[PDB]
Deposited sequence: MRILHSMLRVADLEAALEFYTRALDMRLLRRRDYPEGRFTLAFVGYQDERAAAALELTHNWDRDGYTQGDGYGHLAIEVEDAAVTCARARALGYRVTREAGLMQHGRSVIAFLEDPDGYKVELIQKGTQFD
């Protein structure tokens, strides 16, 4: 048994993918369009889906936004240098919280940066 992925709904897939590939070093593992359901799925990550947990991004073409609650916490990512990754995301124009840093993606989801070791 193993954890395969966590899924999040996004209002703009291309903005979501820019954050996960520019502010973070994720690779597009697979993307799939379903016109019959008017949505697109994209899997982003590091290793192959067969080898590690990925992030699933759902984009329902008809939704302008999603009401995030206070139940969902965050997605934690292991980084080499927390301050650097945080500075790079700040420089790209992304929101940052003001060894451990917090970013938020274009939809408002929180990403926890944890420096390898700790």
Note to self, deposited ranges with zero CA coordinates are 99-108, 129-131
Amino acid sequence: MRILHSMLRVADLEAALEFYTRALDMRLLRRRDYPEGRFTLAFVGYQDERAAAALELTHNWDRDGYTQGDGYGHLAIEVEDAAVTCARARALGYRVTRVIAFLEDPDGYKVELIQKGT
From here on, numbers count along this sequence of modelled residues.
Entry B factor averaged over C-alpha atoms, 35-43 against 61-69: higher for 61-69
So, looking at the entry's B-factor column for Cα atoms, which has the higher mean, 47-55 or 89-97?
89-97
